[PDB]
Protein chains: 4
Amino acid sequence: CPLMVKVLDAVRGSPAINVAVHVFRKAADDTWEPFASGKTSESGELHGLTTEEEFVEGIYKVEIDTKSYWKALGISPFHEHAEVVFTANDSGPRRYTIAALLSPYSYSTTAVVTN
Amino acid sequence: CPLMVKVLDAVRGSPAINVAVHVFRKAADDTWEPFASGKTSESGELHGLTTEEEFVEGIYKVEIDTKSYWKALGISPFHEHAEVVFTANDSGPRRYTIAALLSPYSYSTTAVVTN
Amino acid sequence: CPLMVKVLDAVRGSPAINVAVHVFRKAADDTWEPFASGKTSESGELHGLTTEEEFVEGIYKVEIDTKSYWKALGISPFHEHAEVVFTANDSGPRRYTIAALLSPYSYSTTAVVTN
Amino acid sequence: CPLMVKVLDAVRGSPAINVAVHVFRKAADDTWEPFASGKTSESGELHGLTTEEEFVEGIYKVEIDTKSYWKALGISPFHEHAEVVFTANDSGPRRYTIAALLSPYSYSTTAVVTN
Ligand SMILES: O=c1cc(-c2ccc(O)cc2)oc2cc(O)cc(O)c12
Ligand SMILES: O=c1cc(-c2ccc(O)cc2)oc2cc(O)cc(O)c12
């Protein structure tokens, strides 16, 4: 799989478990077309979202449902969700890890792009 | 000034100047209506986006045009933009500062909410 | 004011108030000599630590007492403190803002260096 | 191994490879005693630093030589190094991952503590 999502919890110092993640691909008419989704595992990771054959060049949006995550922990959050929007490019390395570090009023995200 | 945006550059250790910012508000029909836009000053700050009267309750999206920023500096970055999505003024008027710290393959964002 | 420290709380979405900060400078004998100290205000800022005359070239350590901050709020955090270590004024006098964003098991820090 | 260090590069969107890491344990006289060290791998990770038997409760410092890393890439950095100082506690989960995300004028660090 060319796309993995990893989510961490900066309040508890843990993986962020059972977080819903939705991936969209930008269509020709600039709408967001559902592409893949899942929930992070006990290690905070979401594997197997797509395949090399399906993951063609284009703009993708990864939506991480941070609000539901914080509410399930009894914590009041700021954001509706975290969004990561990027272009997949065949010129670069083949594997994309989208990582996010979550706090109630803040988040960080980085891309780790490797061969 | 109930909505302010502040952007920093983590490569240069400086304000991120001339960063375009577009704000949207979710409409009754569930689309993103353009609400306000502007660009960061030499201090990396964007003031005057809206007014207390105009900044009513709603779900807002602050889109920070990070790709256009990096590309204007001769850099090819990872993200298209940073999107900050939040419910505002649910418990009455507040003042919101949306801060963002930018790197070519990573960003963080935090909200400072007062009064 | 050539050295300023600003601290934010990522759990509350607020300035981090009453955070103790201790600054050290590496001595000729390679030990950390106490240089200045203070605490953040209601704005999360710490001004007046030093003067242009006193803030000479050197290697400085800014220790932000994050554990004491979280514990004063009834929270058991991970880190003892955040340490920011840097060479200052190597190319002549500059103004340094050390910013830190705090969560119980995570922090970030960035420097804004001007003139 | 109860202690792992992971380092990421926010400029290149990659693991931070061949970064020197030094771990110290705080001695009874408040000095820092060398404990373990190594260099991050091609995946940006440093495994096998210590064992369960050696990693007793106490205060530890993880020093990440960020300055040499940026210089080897031809980039001018701000910090001398990144420091992560924490107490190992047997009450919590047994495995500590210290992660750091590096930019030239900024870094983030979080702890992922698991069983
Ligand atoms: O999101 C951030 C915002 C800020 C910041 C820094 C200075 C301000 O006057 C306002 C906000 O610093 C930071 C420092 C970091 O290391 C990481 C951040 O996300 C931020
Ligand atoms: O976005 C982040 C991702 C990670 C990370 C941690 C472990 C992985 O296997 C992959 C990514 O650590 C971090 C540590 C930080 O202090 C801040 C981050 O944004 C991240």
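Proteins come first, then strands; the chains are lettered A, B, ... in the order of their sequence lines, and each starts at number 1. We count ligands from 1, going down the list as the structure has it; atoms in each ligand are counted the same way.
Considering each of D/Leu101, B/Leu101, B/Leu102, C/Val7, the one bringing a non-hydrogen atom nearest atom 20 (C) of ligand 1 is B/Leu101.
The residue from C/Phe35, C/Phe24, C/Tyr96, C/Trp32 that alone fulfils the side-chain contact (heavy atoms from CB on, under 4.5 Å) condition with C/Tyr60 is C/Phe35.
Those atoms of ligand 1 with a heavy atom of B/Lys6 less than 4.0 angstrom away are 7 (C), 8 (C), 9 (O), 10 (C). Close approach of ligand 1 to D/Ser106 is summarised as follows: ligand atoms under 4.0 Å from at least one heavy atom of the residue are 16 (O).
Under 4.0 angstrom from ligand 2, the non-hydrogen atoms of D/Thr110 come from both its backbone and its side chain. The side chain of A/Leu8, and not its backbone, has at least one atom closer than 4.0 Å to an atom of ligand 2 (non-hydrogen atoms only; side chain from C-beta on).
Between the side chains of B/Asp90 and B/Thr87, no donor-acceptor pair is found at a separation under 3.5 Å. With hydrogens and angles left out, the side-chain atoms of D/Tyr69 and D/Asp9 include a donor and acceptor closer than 3.5 Å. Remark: the A/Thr40 side chain and the A/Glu45 side chain contain no N/O donor-acceptor pair separated by less than 3.5 Å.
Close N/O approach between D/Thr109 and ligand 2 is found [any backbone or side-chain N/O within under 3.5 Å]. Looking at ligand 2, you'll find an N or O of A/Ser108 within less than 3.5 Å of one of its N or O atoms.
The aromatic rings of B/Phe86 and A/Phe78 sit parallel to each other, their planes meeting at less than 30°, with 60° as the upper class boundary.
Closest protein heavy atom to atom 3 (C) of ligand 2: A/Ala99 CB, 3.2 Å.
A salt bridge between A/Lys61 and A/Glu63 is present, with a side-chain N of the basic residue lying under 4.0 Å from a carboxylate O of the acidic one.
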